[PDB]
Number of protein chains: 6
Amino acid sequence: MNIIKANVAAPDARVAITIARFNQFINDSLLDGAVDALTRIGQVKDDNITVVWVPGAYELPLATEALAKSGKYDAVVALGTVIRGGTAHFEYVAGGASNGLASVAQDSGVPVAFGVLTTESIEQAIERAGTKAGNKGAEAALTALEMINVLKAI
Amino acid sequence: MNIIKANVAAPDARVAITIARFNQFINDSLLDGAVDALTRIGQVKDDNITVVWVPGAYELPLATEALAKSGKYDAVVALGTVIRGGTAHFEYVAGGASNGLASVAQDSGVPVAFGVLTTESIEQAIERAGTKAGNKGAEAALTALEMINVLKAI
Amino acid sequence: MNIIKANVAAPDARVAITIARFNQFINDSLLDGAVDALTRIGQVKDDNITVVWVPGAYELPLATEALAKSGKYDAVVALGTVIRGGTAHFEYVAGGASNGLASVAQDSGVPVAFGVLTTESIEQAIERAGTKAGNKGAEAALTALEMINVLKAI
Amino acid sequence: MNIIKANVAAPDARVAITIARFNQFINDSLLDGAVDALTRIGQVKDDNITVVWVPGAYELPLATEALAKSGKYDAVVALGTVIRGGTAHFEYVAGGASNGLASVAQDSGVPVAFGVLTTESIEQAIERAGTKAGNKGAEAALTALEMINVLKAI
Amino acid sequence: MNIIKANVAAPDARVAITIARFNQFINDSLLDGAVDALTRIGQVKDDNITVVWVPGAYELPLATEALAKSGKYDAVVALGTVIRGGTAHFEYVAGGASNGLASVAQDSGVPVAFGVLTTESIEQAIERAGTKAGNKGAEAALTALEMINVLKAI
Amino acid sequence: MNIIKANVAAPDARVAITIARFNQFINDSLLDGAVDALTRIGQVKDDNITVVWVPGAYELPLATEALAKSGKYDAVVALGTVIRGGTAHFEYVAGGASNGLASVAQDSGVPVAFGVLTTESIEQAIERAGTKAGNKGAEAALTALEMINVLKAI
């Protein structure tokens, strides 16, 4: 029985990271995590890393499509933060950028990390971006990498 | 009146099983169920079974597309576990991987088992992965098989 | 005054372990315990251990009768898990498989370990199958062994 | 270490199904499940299936004894439904027909499926005979078959 | 300004993993995590991994001392689980095995991963050994590795 | 991948058991357990067992140091009982005799079993010294033994 388990190192790969500046104070750690994990752990040279900055998490898709489409990159790490509020705007943003980044994947064949925090409080976000419960940004990068070699393994 | 009822044996197909390592402690039984049911019940030789390991349940799709697309396999058994928490991350993961694996089906013609536990507690998950209420992993495999022969029957 | 105290080592005797796959996620540790204790502690060679897998705990008896009857084995370790639910099905299963395995004993002269968890929750079962309160599976094996030498001592 | 895991297919075996007509409205699905699972999954020819109809679940034993005793059949699937009521009649029926079918097993060596619903409501029974929580009738048949090959494996 | 950041790969150094069998049902995943992360992520060959099995978490120290002392190994991953109960036994065990493994470090110069779950429920432990909140076992190994190269970097 | 699993038999090695007479009515079973398990299970000859009686559990350490130090013994089983009361005397005793026996270990290389009940009631102690929840005294001896062979295995 043949099994495919893939590691998170991939010294070559050119990875593209996209980020929303809205909720910067939180998305900024997400990048730090991502990049660190990318180089340090994934053996990626820091010039095979390009970082595209779109305004809001709602724009993450188009960005990560023009990227993956381009072809130059082996994976895109999508980094954003959406914290619910007064209205169900959160609903449509978080969603249109989940279903978004998701469709960009299935249409490009390029793996894309859903590094988008969809929470309820700054409290929860600060938890999931460096403190108590990890740093999804980095995670997103590792899962990015891994997926690179996984797809490669077929 | 002609009726199509198909059995779960198919000691001929090559099945591909994909799995998220996140929630391993629970997804691991899912695999055990799947594989057992696959061979034991489905008469499948254990070298026509390949098992691809992606990080998270969010990645199950791309994996199961590269697989089905490939052509080598007659069906893909998707195995993952998503248990709700503080935020509606659960929402987007579970969803983007349900609608995901769903689309991979209708676009590849390759049957795909939705063996993804979408629950509320480790309590519920442990129920649905071996104990009280069956072992969806195995089920997923049987439904996988059956569907193989069902499709074949047209 | 002559006293009979018997140890748990018995590197010769061939032990047969029977197991219900229902509640696999719990019964599986029961087996691990059983086997470890059997070899490691009981000095049993791992080819004098045969493991029969019946569907449900209700079937444990017939299995462990055909075994003991057979004669080849020196003791049978019965391993199953029954957790109560909506109806008193638990009642009849647990019972018909307690009184069952019991009768197989008195009619075969072959010791049989009642390694069947009869509980109320997955919580309680997980306690009694490796965690907080031991690992009845193993226990069942040791009591199995000991009994071998105890009977022998008469 | 030698392990016995047995499949649910068994072409040449002749299975005898017994059924109580009391609670027909519920037992009837039990039969449908049983038979379907018997042929479809177990590869059993529908003329090696005989179906004996006794009045009440209390009678299931004698029926399933004269059957197994007879010898012609490789296993008996016992199908009935007992739903508690005003008195503890349920107690004695369900019991005398659990311990019953149990004894018929250990004395005939012929596996017998305990496909008898012992519940509290039509609600629970309808759950356990086709809807929400499976279709014990079918299950009873599969466990029946499996046991056939399991015993055979010794 | 010179900075020391170290990666988690180290395909040459021989790691020793120690484990308490008490709370097996939980410590077993701890091992699975550890090992996977060790090889898969850390590039460690699976014969440079030795696994010592002590009875209880209280014994973890002496084991991990005889190991590190020995010299053959570059790091020890300590894996155990202690879940509080009726008395403050938990107190002394968890403690004497924290301060324990700690002292073994500072006296051997060999890094040691504190992969010992000190919780309040099987619920919490199952969270911290594969499911909801990661798999400390794996973590312990990565921190183990990293520390190898960190120390090396001085 | 090389694994070290050790059994509890060790008919050579000379074990020294130490015991507090305070709480005799409870510690006495602790000894019975210990000794039984030692000989019966561990194959230890009853003249390779010496039993030192110190007044209180606070004294257990010095006793078990002069012993291990001595060299004649292969392991020390420490047996005492401390049940909390009006003041936090319990605190300092239980502690100074946990940390105590712990240090004697790491400084002598001689395994030492922490067979000291640290409870809240005679109720709890009677549970943990023969009745409901085992007989820690015996346990302490087995873990003693096992550790002997475990250390030996390096």
# chains A, B, ... in the order shown; residues from 1 in each chain; ligands from 1
>>> residues_around(residues="residue 84 in chain D", least_positions_apart="6", cutoff="7 Å", atoms="only C-alpha atoms", output="list in words")
residues 90, 119 and 120 of chain D
>>> write_last_selection(atoms="C-alpha atoms", output="CSV table (one decimal), in the first residue's frame")
chain,number,residue,atom,x,y,z
D,90,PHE,CA,-41.8,-6.0,27.4
D,119,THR,CA,-37.1,0.0,22.5
D,120,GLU,CA,-39.4,2.5,24.2
>>> interface_residues(of="chain A", to="chain E", cutoff="9 Å", atoms="only C-alpha atoms", output="list in words")
residues 5, 6, 7, 8, 9, 40, 41, 42, 43 and 133 of chain A
>>> write_last_selection(atoms="N, CA, C and O atoms", output="PDB file, in the first residue's frame")
ATOM      1  N   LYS A   5       3.132  11.015   2.103  1.00  0.00           N
ATOM      2  CA  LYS A   5       3.315  12.021   3.148  1.00  0.00           C
ATOM      3  C   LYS A   5       4.414  12.984   2.705  1.00  0.00           C
ATOM      4  O   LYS A   5       5.503  12.564   2.312  1.00  0.00           O
ATOM      5  N   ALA A   6       4.142  14.279   2.746  1.00  0.00           N
ATOM      6  CA  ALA A   6       5.115  15.234   2.223  1.00  0.00           C
ATOM      7  C   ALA A   6       5.626  16.204   3.282  1.00  0.00           C
ATOM      8  O   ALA A   6       4.850  16.699   4.109  1.00  0.00           O
ATOM      9  N   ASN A   7       6.921  16.498   3.246  1.00  0.00           N
ATOM     10  CA  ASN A   7       7.493  17.472   4.174  1.00  0.00           C
ATOM     11  C   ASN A   7       7.264  18.942   3.786  1.00  0.00           C
ATOM     12  O   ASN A   7       6.723  19.242   2.714  1.00  0.00           O
ATOM     13  N   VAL A   8       7.678  19.860   4.659  1.00  0.00           N
ATOM     14  CA  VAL A   8       7.429  21.284   4.458  1.00  0.00           C
ATOM     15  C   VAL A   8       8.629  22.068   3.935  1.00  0.00           C
ATOM     16  O   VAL A   8       8.618  23.296   3.962  1.00  0.00           O
ATOM     17  N   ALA A   9       9.662  21.368   3.470  1.00  0.00           N
ATOM     18  CA  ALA A   9      10.827  22.033   2.902  1.00  0.00           C
ATOM     19  C   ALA A   9      10.695  22.022   1.396  1.00  0.00           C
ATOM     20  O   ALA A   9      10.159  21.078   0.824  1.00  0.00           O
ATOM     21  N   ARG A  40      12.927  30.158   7.081  1.00  0.00           N
ATOM     22  CA  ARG A  40      13.418  29.317   8.181  1.00  0.00           C
ATOM     23  C   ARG A  40      13.067  27.840   8.046  1.00  0.00           C
ATOM     24  O   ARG A  40      13.958  26.998   8.004  1.00  0.00           O
ATOM     25  N   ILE A  41      11.779  27.530   7.975  1.00  0.00           N
ATOM     26  CA  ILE A  41      11.340  26.137   7.947  1.00  0.00           C
ATOM     27  C   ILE A  41      11.338  25.520   6.545  1.00  0.00           C
ATOM     28  O   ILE A  41      11.749  24.375   6.354  1.00  0.00           O
ATOM     29  N   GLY A  42      10.871  26.286   5.567  1.00  0.00           N
ATOM     30  CA  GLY A  42      10.671  25.765   4.225  1.00  0.00           C
ATOM     31  C   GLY A  42      11.864  25.929   3.318  1.00  0.00           C
ATOM     32  O   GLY A  42      11.826  25.531   2.155  1.00  0.00           O
ATOM     33  N   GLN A  43      12.922  26.530   3.849  1.00  0.00           N
ATOM     34  CA  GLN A  43      14.173  26.658   3.113  1.00  0.00           C
ATOM     35  C   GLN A  43      14.021  27.572   1.900  1.00  0.00           C
ATOM     36  O   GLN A  43      14.809  27.490   0.956  1.00  0.00           O
ATOM     37  N   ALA A 133      -3.117  30.744  20.755  1.00  0.00           N
ATOM     38  CA  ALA A 133      -3.409  29.644  19.848  1.00  0.00           C
ATOM     39  C   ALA A 133      -2.689  29.786  18.527  1.00  0.00           C
ATOM     40  O   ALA A 133      -3.317  29.897  17.483  1.00  0.00           O
TER      41      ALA A 133
END
>>> select_by_dssp(residues="chain A", states="strand (DSSP E or B)", output="count of residues only")
35
>>> select_by_dssp(residues="chain C", states="helix (DSSP H, G or I)", output="ChimeraX atom specification")
/C:24-41,60-70,89-108,122-127,136-152
>>> write_last_selection(atoms="C-alpha atoms", output="PDB file, in the first residue's frame")
ATOM      1  CA  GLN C  24     -13.523  -0.096  17.277  1.00  0.00           C
ATOM      2  CA  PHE C  25     -12.248   3.327  18.300  1.00  0.00           C
ATOM      3  CA  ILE C  26     -12.302   1.955  21.846  1.00  0.00           C
ATOM      4  CA  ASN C  27     -11.884  -1.790  21.424  1.00  0.00           C
ATOM      5  CA  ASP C  28      -8.671  -1.155  19.511  1.00  0.00           C
ATOM      6  CA  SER C  29      -6.808  -0.058  22.612  1.00  0.00           C
ATOM      7  CA  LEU C  30      -8.303  -3.057  24.393  1.00  0.00           C
ATOM      8  CA  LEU C  31      -6.428  -5.217  21.894  1.00  0.00           C
ATOM      9  CA  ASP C  32      -3.201  -3.236  22.268  1.00  0.00           C
ATOM     10  CA  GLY C  33      -3.381  -3.672  26.008  1.00  0.00           C
ATOM     11  CA  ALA C  34      -4.248  -7.345  25.725  1.00  0.00           C
ATOM     12  CA  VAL C  35      -1.441  -8.214  23.303  1.00  0.00           C
ATOM     13  CA  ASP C  36       1.261  -6.160  25.045  1.00  0.00           C
ATOM     14  CA  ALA C  37       0.446  -7.681  28.412  1.00  0.00           C
ATOM     15  CA  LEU C  38       0.275 -11.109  26.753  1.00  0.00           C
ATOM     16  CA  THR C  39       3.712 -11.077  25.228  1.00  0.00           C
ATOM     17  CA  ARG C  40       5.692  -8.560  27.308  1.00  0.00           C
ATOM     18  CA  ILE C  41       4.370  -9.718  30.670  1.00  0.00           C
ATOM     19  CA  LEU C  60     -18.175 -12.684  21.159  1.00  0.00           C
ATOM     20  CA  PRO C  61     -19.534 -15.914  22.670  1.00  0.00           C
ATOM     21  CA  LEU C  62     -19.944 -18.123  19.576  1.00  0.00           C
ATOM     22  CA  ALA C  63     -16.525 -16.976  18.462  1.00  0.00           C
ATOM     23  CA  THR C  64     -14.940 -17.793  21.839  1.00  0.00           C
ATOM     24  CA  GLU C  65     -16.704 -21.160  21.880  1.00  0.00           C
ATOM     25  CA  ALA C  66     -15.557 -22.372  18.482  1.00  0.00           C
ATOM     26  CA  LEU C  67     -12.128 -21.303  19.718  1.00  0.00           C
ATOM     27  CA  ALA C  68     -11.976 -22.891  23.164  1.00  0.00           C
ATOM     28  CA  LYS C  69     -13.851 -25.932  21.828  1.00  0.00           C
ATOM     29  CA  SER C  70     -11.279 -26.291  19.045  1.00  0.00           C
ATOM     30  CA  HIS C  89     -30.559  -2.773  23.747  1.00  0.00           C
ATOM     31  CA  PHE C  90     -27.390  -2.421  25.820  1.00  0.00           C
ATOM     32  CA  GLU C  91     -29.191  -4.539  28.400  1.00  0.00           C
ATOM     33  CA  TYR C  92     -29.608  -7.572  26.147  1.00  0.00           C
ATOM     34  CA  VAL C  93     -26.325  -7.290  24.308  1.00  0.00           C
ATOM     35  CA  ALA C  94     -24.100  -6.765  27.352  1.00  0.00           C
ATOM     36  CA  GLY C  95     -26.051  -9.481  29.150  1.00  0.00           C
ATOM     37  CA  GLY C  96     -26.325 -12.108  26.435  1.00  0.00           C
ATOM     38  CA  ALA C  97     -22.569 -11.646  25.991  1.00  0.00           C
ATOM     39  CA  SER C  98     -21.739 -11.766  29.675  1.00  0.00           C
ATOM     40  CA  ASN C  99     -23.844 -14.835  30.447  1.00  0.00           C
ATOM     41  CA  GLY C 100     -22.642 -16.015  27.071  1.00  0.00           C
ATOM     42  CA  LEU C 101     -18.881 -15.867  27.578  1.00  0.00           C
ATOM     43  CA  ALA C 102     -19.564 -17.182  31.097  1.00  0.00           C
ATOM     44  CA  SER C 103     -21.256 -20.356  29.866  1.00  0.00           C
ATOM     45  CA  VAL C 104     -18.510 -20.934  27.265  1.00  0.00           C
ATOM     46  CA  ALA C 105     -16.143 -21.048  30.217  1.00  0.00           C
ATOM     47  CA  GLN C 106     -17.953 -23.562  32.412  1.00  0.00           C
ATOM     48  CA  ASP C 107     -18.559 -25.837  29.410  1.00  0.00           C
ATOM     49  CA  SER C 108     -15.072 -25.811  27.902  1.00  0.00           C
ATOM     50  CA  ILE C 122     -17.566   7.176  25.737  1.00  0.00           C
ATOM     51  CA  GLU C 123     -16.124   9.133  28.655  1.00  0.00           C
ATOM     52  CA  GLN C 124     -16.255   6.120  30.999  1.00  0.00           C
ATOM     53  CA  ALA C 125     -15.056   3.738  28.283  1.00  0.00           C
ATOM     54  CA  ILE C 126     -12.069   5.904  27.421  1.00  0.00           C
ATOM     55  CA  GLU C 127     -11.282   5.889  31.141  1.00  0.00           C
ATOM     56  CA  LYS C 136      -9.169  -3.640  31.023  1.00  0.00           C
ATOM     57  CA  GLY C 137      -7.981  -5.276  27.811  1.00  0.00           C
ATOM     58  CA  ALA C 138      -4.542  -5.865  29.322  1.00  0.00           C
ATOM     59  CA  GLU C 139      -6.046  -6.817  32.655  1.00  0.00           C
ATOM     60  CA  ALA C 140      -8.236  -9.341  30.873  1.00  0.00           C
ATOM     61  CA  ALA C 141      -5.101 -10.924  29.404  1.00  0.00           C
ATOM     62  CA  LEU C 142      -3.210 -11.130  32.709  1.00  0.00           C
ATOM     63  CA  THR C 143      -6.245 -12.644  34.493  1.00  0.00           C
ATOM     64  CA  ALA C 144      -6.430 -14.926  31.438  1.00  0.00           C
ATOM     65  CA  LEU C 145      -2.836 -16.087  31.883  1.00  0.00           C
ATOM     66  CA  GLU C 146      -2.970 -16.345  35.692  1.00  0.00           C
ATOM     67  CA  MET C 147      -6.092 -18.481  35.352  1.00  0.00           C
ATOM     68  CA  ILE C 148      -4.226 -20.773  32.942  1.00  0.00           C
ATOM     69  CA  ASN C 149      -1.617 -21.568  35.588  1.00  0.00           C
ATOM     70  CA  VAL C 150      -4.211 -21.581  38.382  1.00  0.00           C
ATOM     71  CA  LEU C 151      -6.315 -24.288  36.749  1.00  0.00           C
ATOM     72  CA  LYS C 152      -3.039 -26.032  35.905  1.00  0.00           C
TER      73      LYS C 152
END
>>> atom_distance(atom1="CA of residue 131 in chain D", atom2="CA of residue 117 in chain D")
13.8 Å
